[PDB]
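# A structural walkthrough
Next come the chains, spelled out residue by residue.
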Amino acid sequence: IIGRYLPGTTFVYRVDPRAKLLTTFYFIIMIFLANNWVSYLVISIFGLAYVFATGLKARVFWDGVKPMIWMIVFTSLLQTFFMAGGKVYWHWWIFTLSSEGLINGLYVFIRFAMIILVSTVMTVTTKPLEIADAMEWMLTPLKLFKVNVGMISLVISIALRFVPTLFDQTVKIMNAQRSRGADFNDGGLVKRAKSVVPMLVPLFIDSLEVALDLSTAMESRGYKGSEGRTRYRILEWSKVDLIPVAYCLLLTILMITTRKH
Amino acid sequence: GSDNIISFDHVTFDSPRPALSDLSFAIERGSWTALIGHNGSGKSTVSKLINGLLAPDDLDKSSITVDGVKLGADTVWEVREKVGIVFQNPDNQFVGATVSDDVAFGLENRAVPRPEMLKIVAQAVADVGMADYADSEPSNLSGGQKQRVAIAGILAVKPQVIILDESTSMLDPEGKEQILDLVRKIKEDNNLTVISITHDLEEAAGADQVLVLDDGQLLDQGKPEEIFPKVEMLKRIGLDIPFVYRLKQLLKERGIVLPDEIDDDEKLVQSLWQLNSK
Amino acid sequence: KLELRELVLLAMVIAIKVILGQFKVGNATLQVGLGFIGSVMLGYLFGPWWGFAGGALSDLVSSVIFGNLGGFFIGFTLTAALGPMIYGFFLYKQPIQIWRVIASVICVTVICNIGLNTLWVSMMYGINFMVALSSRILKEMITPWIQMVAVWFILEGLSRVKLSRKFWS
Amino acid sequence: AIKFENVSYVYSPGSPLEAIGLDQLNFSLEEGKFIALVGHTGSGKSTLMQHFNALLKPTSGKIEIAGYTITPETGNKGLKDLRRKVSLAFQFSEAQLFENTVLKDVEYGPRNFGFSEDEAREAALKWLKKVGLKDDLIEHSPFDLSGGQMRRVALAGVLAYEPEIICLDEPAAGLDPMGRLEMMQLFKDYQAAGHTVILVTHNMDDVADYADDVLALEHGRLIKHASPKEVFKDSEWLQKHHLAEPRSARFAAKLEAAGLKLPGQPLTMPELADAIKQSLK
Ligand SMILES: Nc1ncnc2c1ncn2[C@@H]1O[C@H](COP(=O)(O)OP(=O)(O)OP(=O)(O)O)[C@@H](O)[C@H]1O
Ligand SMILES: Nc1ncnc2c1ncn2[C@@H]1O[C@H](COP(=O)(O)OP(=O)(O)O)[C@@H](O)[C@H]1O
Ligand SMILES: [Mg+2]
């Protein structure tokens, strides 16, 4: 289940990952401003345009939205019942379908859908290393606290490298324990709780040995702290990055004029 | 002229038994000195102590000198630039996110400008046989490929000594042979010194000088053709007798008489053929 | 501060938390994610504040490698950083006790799962606080009583591991 | 007995990444013999290993092992009794030690399979004595041990309940020659007790010395299944299929290239010495 990037040639794939992440963050921020049908239509048009500009099949968005469709439906219906009002179409003990209730449910569903679609667009069309580089770039202002962002970037880089390795080690450890009778999903609450130790303790031991070996390897190669080091992998801007700058900026107008002040 | 020289010293990590005790040896320049011993003999601590990761317990009588500079707290980061180590586990030492980044880690650490870094990394990656894998992730590579990346990263910063700390132990035999041949080619091309730390004596059979360790003490030293015939010492400390000498011992117990100078199996088979004349 | 070896161990624990975030235990309808276990590891081993860092980065790293389908937002990062902070406050250098486990689990599920997560879900999706809480409170009332037993056994195992030749204290 | 019918295992069925782990396999391994499973890296030895205890289930295949039958659609229920009779030790099994005590770690195996609190303890001490680990090291933490001692504990953990079939993935990879020989003789004596041992290894000397059958894989396809004196008979065949040959066999080939006759096939050192003695007789 590791790896969600899907290659493509459309102009979205060439946008700098920092600009793409900023566009995602700004879209999530701007969704907060939608409170009437005009603003929701505006965010709908802009989000759907951003989705179509990727060129991806709708199946990837459907696969991304499957894990949360129950949550979406439950939240929308409960908001419909709790914000009911106006014309009533079906009344029961507490369940009262209403025009305002349906409007609020549609609004909540739209917010869920477009947040999910923007997140899927960001995740699918960007390589994980580039997302990591963008995230490390956005941690630069923390230097005003004089925090060593070099160590933060090093920790993120090392942790992202070792998730695929430690996952396979976890699979190997589970298989080794199962081969001698371990049950990892049976036996009731206490036994299920106990069964996590055979998974975790050898994994922690492997993490210890990997930490020691990698620390020795890094120290032996001349590592003496993040101060005074150049970089090999860099992110650089282009012309295409003007597209998200306008796309956000234009949006910032269309919301402010149209939202119910 | 010796490249590495160590005067008698001992190191303790806190523990009753010191890991090393009065260790004293010299290593030539342009050699393939091989360090062999038990799995608790203190070879890895020697490797880590050569470049200054570890320090001797008494600086007033101990001495470590590499390339004519004496090792000390001030001199570390200068000896560490001249010697590089390729460790046992191929993937534990793989720090970069890709092959190119892993090779470029050492040059980043030395504040090399990026325009020169690109050329140096490309040349180092091309020196080993992984020109097309410059973007492969660590998990997409086998053990031999990751050891090639480690050797390329060590070669990028241009050291004068390469210490292979049981690098080929975790590889398949073909991977072992490929890595050893690559290291030999690199040593010949760049004129380096190679210190190979290994358990089995097959690798040490081609060495220019053999150092054998036990309980942190240098038990013997010399050419492989003069260390191996002392089979009783090898059996005493529990080491693999190499093929030719073990077979010669079995012929001894079988009653066949052969010269003691016999070596690599071609000489042995020709000796049997000339004996077959009678 | 932390030496290089301890920084690499912190990255290892962050990766372990990220991986455990994907593992579920339970029957066909009631499943609990093992992510909380990682948080305990960040609080038991590295203390209240460093675990906070390990809490935040683990949210970034996971979002990089498994995808943040729940919306790229900084509030969930703050919650994932705040959890291990409380766990470290309750468990860092103190001997393992039942009441520390009870208190740490209750406080984490009251401040992070209930509260902050509900507040940010409500703010993101426009619904008010009571709507968000009513759509969640079942899981946040069932799960802590399982997390208690799991955390007790994990702490026993980790205290077993720490007092060995492997750990370098 | 162990028997495979037409078996295939395909990693990630469908999908752009669809690697065929195993090809059409058809073989029968006789109970009570020593079998060495050989092949180059990436040949599918680990998948064939995991197929034995139904960790990996076939895709359009049938397996008959220890009386059990495994088919692609079989369920996870009832595999507890299969994994009691067919047990696997993985490569670097010492990494699985997690318990508070050496004795507790060794008896964690039998206890999972219904052994009582006394039977498990007695079996654990018996196998701790057998593997070579001495007495005072019991009641120690498994982590406060040497690598060889940790591996001995790990192997005693999977031999403690006397499984009928034991499958070992490179058991003596990093041990000393004394420990390596001790472990190999332990497995040979276990085989001589009536149980079946399946060894996955790259060392052809061990295959020549101990194995009774050799199971050769290439790219997930079974290429040969015969006695060691027949698998290593043709050097060019071994070279073609990425298979190595015993060092004793290499010396025999070189001596025959020198022209000296050697009766039989000296795959191990005593046989080579006797062959030389007969040649110069
Ligand atoms: N971190 C440590 N703290 C204390 N003692 C240690 C530590 N690491 C190793 N030792 C001990 O120091 C001695 C020397 O071990 P060393 O690592 O040098 O052995 P080796 O056989 O050369 O290793 P390798 O297999 O890595 O080549 C051994 O007795 C070992 O148990
Ligand atoms: N987790 C996996 N996912 C997909 N393909 C795999 C996986 N593991 C192995 N394979 C493929 O299946 C084949 C079987 O390899 P393996 O059984 O590991 O051989 P060996 O045990 O000799 O290394 C390999 O060639 C590999 O490409
Ligand atoms: Mg294998």
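### Side note on the overall build of chain D
- A count of helices and strands for chain D gives 11 helices and 10 strands.
- Over its C-alpha trace chain D gives a radius of gyration of 20 Å, about what one expects of a compact globule, namely 19 Å for 281 residues.
- Expressed along its principal axes, the backbone C-alpha trace of chain D runs to roughly 65 × 50 × 35 Å.
- Within the span of chain D, comprising 281 residues, buried residues form 54% of the whole.
- Residue pairs at least 24 apart in sequence account for 62% of intrachain contacts in chain D once pairs closer than 6 positions are excluded.
- Carbon together with sulfur atoms contributes 48% to the accessible area of chain D, which is approximately 12,100 Å² in total.
- Charge centroids of chain D, computed over 32 positive and 40 negative side chains, lie 3 Å from each other.

### Examining the side chain of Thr216 of chain A
- Checked against the element boundaries, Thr216 of chain A lands in helix α9 (residues 196-220).
- Classification of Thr216 of chain A as buried rests on a relative accessible area of 17%.
- Excluding its chain neighbours within four sequence positions, the residues that come into contact with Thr216 of chain A are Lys48, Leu53 and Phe87 of chain B.

### Things to note about the site of ligand 1
- Near ligand 1 you find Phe13, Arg17, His38, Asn39, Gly40, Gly42, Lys43, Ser44, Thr45, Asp165 and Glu166 of chain B together with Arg165 of chain C, and these make up its full shell.
- Of the chains in the model, those with residues near ligand 1 are chains B and C.
- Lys43 of chain B places a polar main-chain atom, nitrogen or oxygen, 2.6 Å from an oxygen atom of ligand 1.
- In this structure, an oxygen atom belonging to ligand 1 sits 2.6 Å away from a main-chain N or O atom of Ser44 of chain B.
- In isolation ligand 1 exposes 640 Å². Once the protein is present, 67% of that is buried.
- In the shell around ligand 1, the residues fall into one nonpolar, six polar and five charged.

### Regarding the packing of aromatic side chains
- In total, this model carries 24 aromatic pairs over all chains according to the counting rule given.
- Taking 6.2 Å as the distance between ring centres and 55 degrees as the angle between the ring planes, the aromatic pair formed by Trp92 of chain A and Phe95 of chain A counts as tilted.
- Ring geometry for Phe167 of chain A and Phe23 of chain C: centres 5.6 Å apart, planes at 35 degrees, overall tilted. Of this pair, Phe167 of chain A sits in helix α7 (residues 149-178) while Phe23 of chain C is found in the loop between α1 (4-20) and β1 (24-26), placing the two residues in two different chains.
- Assessed through its relative accessible area of 16%, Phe23 of chain C is described here as buried.
- Taken together, the ring pairs in this structure connect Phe32 of chain A together with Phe73, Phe76 and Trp120 of chain C into an aromatic cluster.

### A word on the interface of chain D and chain C
- Each side of the interface is counted separately: chain D has five residues, and chain C has five residues.
- Together, the buried faces of chain D and chain C total about 430 Å²; carbon and sulfur atoms form 61% of this surface.
- Ranking the residues of chain D by area buried against chain C places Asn100, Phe143 and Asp144 of chain D at the top, with a combined share of 77%.
- Run the count over chain D and chain C and you get zero salt bridges.

### Here's the deal with helix α7 (residues 144-162) of chain C
- Its 19 residues give α7 of chain C an end-to-end C-alpha distance of 26 Å, which sits within 8% of 27 Å, the value for a rise of 1.5 Å per residue.
- Of all 19 residues that make up α7 of chain C, 15 are buried, and the element is covered over most of its length.

### Examining the UniProt feature "domain: ABC transporter" in chain D
- UniProt's feature table lists "domain: ABC transporter" at residues 2-244 of chain D, given in the numbering used throughout.
- Annotation note: span residues 2-244 of chain D, helix share 34%, strand share 24%, distance between end C-alpha atoms 26 Å.

### Notes on the pattern of salt bridges
- If you walk through the whole model with that rule in mind, you get 28 salt bridges over all chains.
- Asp16 of chain A is the salt-bridge partner of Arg18 of chain A, the closest N and O atoms lying 2.7 Å from each other.
- Three or more residues are tied together by salt bridges with common partners; here these are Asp133 and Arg233 of chain A together with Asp101 of chain B.

### Focus: the UniProt feature "binding site: ATP" in chain D
- This chain's UniProt record puts "binding site: ATP" on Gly39, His40, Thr41, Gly42, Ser43, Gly44, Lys45 and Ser46 of chain D.
- Assignment of secondary structure puts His40 of chain D in the loop between β3 (34-39) and α1 (45-50).
- Exposure remark for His40 of chain D: the relative accessible area of 29% places this residue in the partly exposed category.
- Setting aside chain neighbours within four positions, we find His40 of chain D in contact with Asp172 and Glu174 of chain B together with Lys45, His202, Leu217 and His242 of chain D.
- For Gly42 of chain D, the position within the fold is in the loop between β3 and α1.
- Given the relative accessible area of 72%, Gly42 of chain D is considered exposed.

### A word on the arrangement of the chains
- Among five pairs of chains with at least one contact, chains A and C form the most extensive contact set.
- Note that chain B does not reach chain C: the shortest distance linking a C-alpha of one to a C-alpha of the other is 11 Å.

### Section: the site of ligand 2
Residues and elements named next belong to chain D.
- Taken together, the residues surrounding ligand 2 are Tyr11, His40, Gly42, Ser43, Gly44, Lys45, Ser46 and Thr47.
- For ligand 2, an oxygen atom lies 3.1 Å from a polar atom in the backbone of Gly42.
- Separating an oxygen atom of ligand 2 from a backbone N or O atom of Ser43 is a distance of 3.4 Å.
- The fraction of the free accessible surface of ligand 2 (560 Å²) that becomes covered by protein chains is 56%.
- Counting residues per element, the shell around ligand 2 draws most heavily on α1, at three residues.
- Per-class residue counts for the shell around ligand 2 are one nonpolar, six polar and one charged.

### Side note on the interface of chain A and chain C
- Each partner contributes residues to the interface: chain A has 71 residues there, and chain C has 58 residues.
- Across the interface of chain A and chain C, roughly 6,000 Å² is buried in total on both sides, 85% from carbon and sulfur atoms.
- Linking chain A to chain C there are zero salt bridges.
- Taken together, the links from chain A to chain C amount to two residue pairs in polar contact.
- Taken together, the elements giving at least two residues each to the side of chain A that touches chain C come down to α1 (17-31), α4 (69-82), α5 (99-124), α6 (128-138), α7, α8 (188-194) and α9 of chain A.

### Description of α5 of chain A
- Relative to the 38 Å expected for 26 residues at 1.5 Å per residue, α5 of chain A spans 37 Å between its end C-alpha atoms, a close match to the ideal helical length.
- Across the 26 residues of α5 of chain A, 19 count as buried, placing the element largely inside the fold.

### Some details on the nonpolar core
- Membership of the largest hydrophobic core comes to 94 residues, with the highest contact counts inside it found for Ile158 and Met218 of chain A together with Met12 and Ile14 of chain C.
- Sorting the residues of this core by element identifies α6, α7 and α9 of chain A together with α1, α2 (35-67), α3 (74-91), α4 (98-124) and α7 of chain C as the ones contributing at least two each.

### Observations concerning the state of the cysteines
Residues and elements named next belong to chain C.
- Under the counting rule described, the total for this entry stands at zero disulfides over all chains.
- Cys112 supplies the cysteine sulfur nearest to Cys107, a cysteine that is in no disulfide, at a spacing of 10 Å.
- With a relative accessible area of 26%, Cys107 lands in the partly exposed category.

### Considerations on the pairing of strand β1 (residues 2-11) of chain D
All names here are of chain D.
- Relative to strand β2 (residues 19-29), β1 is paired through seven bridges, and the arrangement is antiparallel. Counted as the bridge partner of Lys3 is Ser28 from β2.
- Direction of pairing for β1 relative to strand β4 (residues 63-65): antiparallel, over a ladder of three bridges. From the neighbouring strand, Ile2 faces β4, where its bridge partner is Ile65.

### A short note on the sheet that holds strand β10 (residues 217-222) of chain B
Residue and element names in this part refer to chain B.
- The strand order across the open sheet formed by six strands is β6-β7-β8-β3-β9-β10, and the pairing between neighbours is mixed. Looking along the sheet, the strands with just one partner apiece sit at the ends: β6 (83-86) and β10. Strand after strand, the sheet turns through a mean of 20 degrees between neighbouring axes, direction not considered.
- Here strand β7 (residues 161-165) runs beside strand β8 (residues 193-198); their pairing, made up of five bridges, is parallel.

### Digging into the environment of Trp120 of chain C
All names here are of chain C.
- Inspection of the secondary structure puts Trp120 in helix α4.
- A relative accessible area of 12% means that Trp120 is categorised as buried.
- Measuring from C-alpha to C-alpha, the distance between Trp120 and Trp49 comes to 23 Å, with 71 residues separating the pair along the chain.
- Those residues within four positions of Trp120 in sequence are excluded, and the remaining contacts are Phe73, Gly75, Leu78 and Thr79.

Definitions and limits used
Residues numbered from 1 in each chain as written, not as in the entry; some residues may be left out. Chains lettered and ligands numbered in written order. Heavy atoms only, no water. Helix = DSSP H or I, 4+ residues; strand = E, 2+ residues; numbered from the N terminus. Rg over C-alpha atoms; globule rule 2.2 N^0.38 Å. Buried < 20%, exposed > 50% of the residue type's maximum accessible area, 1.4 Å probe, protein only. Contact = heavy atoms within 4.5 Å. Areas by Shrake-Rupley, 256 points an atom, 1.4 Å probe, with all protein chains shown as cover. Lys, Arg positive; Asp, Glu negative; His and termini not counted. Charge placed at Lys NZ, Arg CZ, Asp CG, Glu CD. Near = heavy atom within 4 Å. Polar contact = N/O pair within 3.5 Å; in protein donor to acceptor, adjacent residues only side chain to side chain. Nonpolar A, V, L, I, M, F, W, Y, C, P; charged D, E, K, R; others polar. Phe/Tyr/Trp six-rings, centres within 6.5 Å; stacked < 30°, edge-to-face > 60°. Buried area = accessible area lost by both parts, 1.4 Å probe. Salt bridge = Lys/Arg side-chain N within 4 Å of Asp/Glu carboxyl O. Expected span 1.5 Å × (residues − 1). UniProt positions renumbered as here; feature names shortened; annotations may be inferred. Core = buried A, V, L, I, M, F, W, Y, C linked by side-chain atoms within 4.5 Å. Disulfide = S-S within 2.5 Å. Pairing = 2+ DSSP bridges. Axes fitted to C-alpha atoms, helices over the stretch in contact; angles between N-to-C directions.

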